[PDB]
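S.K.: File upload_26.txt follows (compact mmCIF, N, CA and C atoms):
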# COMPACT_ATOMS: atom_id res chain seq x y z
N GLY A 1 7.37 -23.30 -11.20
CA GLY A 1 7.78 -24.22 -10.18
C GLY A 1 9.17 -23.95 -9.70
N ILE A 2 9.94 -23.21 -10.49
CA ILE A 2 11.31 -22.89 -10.12
C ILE A 2 11.31 -21.71 -9.15
N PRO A 3 11.80 -21.89 -7.91
CA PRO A 3 11.89 -20.80 -6.96
C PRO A 3 12.90 -19.76 -7.42
N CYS A 4 12.43 -18.58 -7.71
CA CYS A 4 13.27 -17.53 -8.22
C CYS A 4 13.97 -16.77 -7.10
N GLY A 5 13.68 -17.16 -5.87
CA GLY A 5 14.32 -16.56 -4.72
C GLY A 5 13.54 -15.40 -4.19
N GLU A 6 13.45 -14.36 -4.99
CA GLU A 6 12.71 -13.15 -4.66
C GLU A 6 11.26 -13.51 -4.33
N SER A 7 10.78 -12.96 -3.27
CA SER A 7 9.46 -13.22 -2.83
C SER A 7 8.63 -11.95 -2.75
N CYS A 8 7.35 -12.12 -2.79
CA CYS A 8 6.42 -11.04 -2.78
C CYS A 8 5.80 -10.97 -1.41
N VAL A 9 6.46 -10.25 -0.54
CA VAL A 9 6.07 -10.18 0.82
C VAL A 9 5.18 -8.98 1.00
N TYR A 10 5.73 -7.82 0.73
CA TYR A 10 5.01 -6.58 0.87
C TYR A 10 4.70 -6.00 -0.49
N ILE A 11 5.70 -6.00 -1.34
CA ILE A 11 5.57 -5.50 -2.68
C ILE A 11 5.64 -6.68 -3.65
N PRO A 12 5.26 -6.50 -4.91
CA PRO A 12 5.39 -7.57 -5.91
C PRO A 12 6.86 -7.74 -6.30
N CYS A 13 7.20 -8.89 -6.81
CA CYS A 13 8.56 -9.17 -7.23
C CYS A 13 8.93 -8.27 -8.39
N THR A 14 10.13 -7.75 -8.38
CA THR A 14 10.52 -6.82 -9.39
C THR A 14 11.69 -7.35 -10.22
N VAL A 15 12.62 -8.04 -9.59
CA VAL A 15 13.79 -8.51 -10.29
C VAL A 15 13.47 -9.82 -10.99
N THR A 16 12.69 -10.65 -10.34
CA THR A 16 12.32 -11.92 -10.91
C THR A 16 11.13 -11.76 -11.85
N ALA A 17 10.49 -10.60 -11.78
CA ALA A 17 9.39 -10.28 -12.68
C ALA A 17 9.94 -10.16 -14.09
N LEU A 18 11.21 -9.78 -14.17
CA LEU A 18 11.93 -9.66 -15.42
C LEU A 18 12.31 -11.05 -15.94
N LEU A 19 12.31 -12.02 -15.05
CA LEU A 19 12.68 -13.38 -15.41
C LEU A 19 11.43 -14.15 -15.83
N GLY A 20 10.29 -13.61 -15.46
CA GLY A 20 9.03 -14.23 -15.78
C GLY A 20 8.53 -15.08 -14.64
N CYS A 21 8.87 -14.69 -13.43
CA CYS A 21 8.45 -15.41 -12.25
C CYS A 21 7.13 -14.83 -11.74
N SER A 22 6.28 -15.69 -11.22
CA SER A 22 4.97 -15.30 -10.75
C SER A 22 4.91 -15.40 -9.22
N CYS A 23 4.10 -14.56 -8.61
CA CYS A 23 3.93 -14.52 -7.17
C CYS A 23 2.97 -15.63 -6.75
N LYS A 24 3.50 -16.64 -6.10
CA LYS A 24 2.70 -17.77 -5.65
C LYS A 24 3.15 -18.13 -4.25
N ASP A 25 2.21 -18.17 -3.30
CA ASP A 25 2.52 -18.51 -1.88
C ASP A 25 3.42 -17.46 -1.28
N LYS A 26 3.35 -16.28 -1.89
CA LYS A 26 4.11 -15.09 -1.54
C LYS A 26 5.60 -15.22 -1.90
N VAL A 27 5.93 -16.17 -2.75
CA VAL A 27 7.27 -16.34 -3.26
C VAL A 27 7.16 -16.32 -4.77
N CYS A 28 8.15 -15.85 -5.46
CA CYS A 28 8.06 -15.88 -6.88
C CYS A 28 8.72 -17.10 -7.47
N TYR A 29 7.93 -17.83 -8.22
CA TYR A 29 8.33 -19.05 -8.87
C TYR A 29 8.10 -18.90 -10.35
N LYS A 30 8.94 -19.50 -11.13
CA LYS A 30 8.72 -19.54 -12.54
C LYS A 30 8.44 -20.98 -12.94
N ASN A 31 7.16 -21.31 -13.02
CA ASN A 31 6.68 -22.66 -13.41
C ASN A 31 7.09 -23.73 -12.40
What would you get if you wrote out this structure as structure tokens?
M.R.:
Amino acid sequence: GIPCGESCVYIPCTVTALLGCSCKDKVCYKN
């Protein structure tokens, strides 16, 4: 639910992927 900022527009999130953020609504959120 926490917006990690980085979004998955064209490619998957890479920096927030390290934070444990998931691609949801094309934005990466962590819970």
S.K.: What's the 6 Å shell around stretch 5-16 of chain A, counting only N, CA and C atoms, without same-chain residues fewer than 4 positions away, as a ChimeraX atom specification?
M.R.: /A:20-21,26-28
S.K.: With all atoms of stretch 7-24 of chain A from the file as input, state the centre and edge lengths in Å to one decimal of the axis-aligned box that has 6 Å extra on each side, as AutoDock Vina command-line options.
M.R.:
--center_x 8.2 --center_y -11.8 --center_z -7.5 --size_x 23.1 --size_y 24.6 --size_z 28.9
S.K.: Residues of chain A in strand (DSSP E or B) according to DSSP, as JSON, numbers by chain?
M.R.: {"A": [2, 3, 4, 5, 6, 7, 22, 23, 24, 27, 28, 29, 30]}
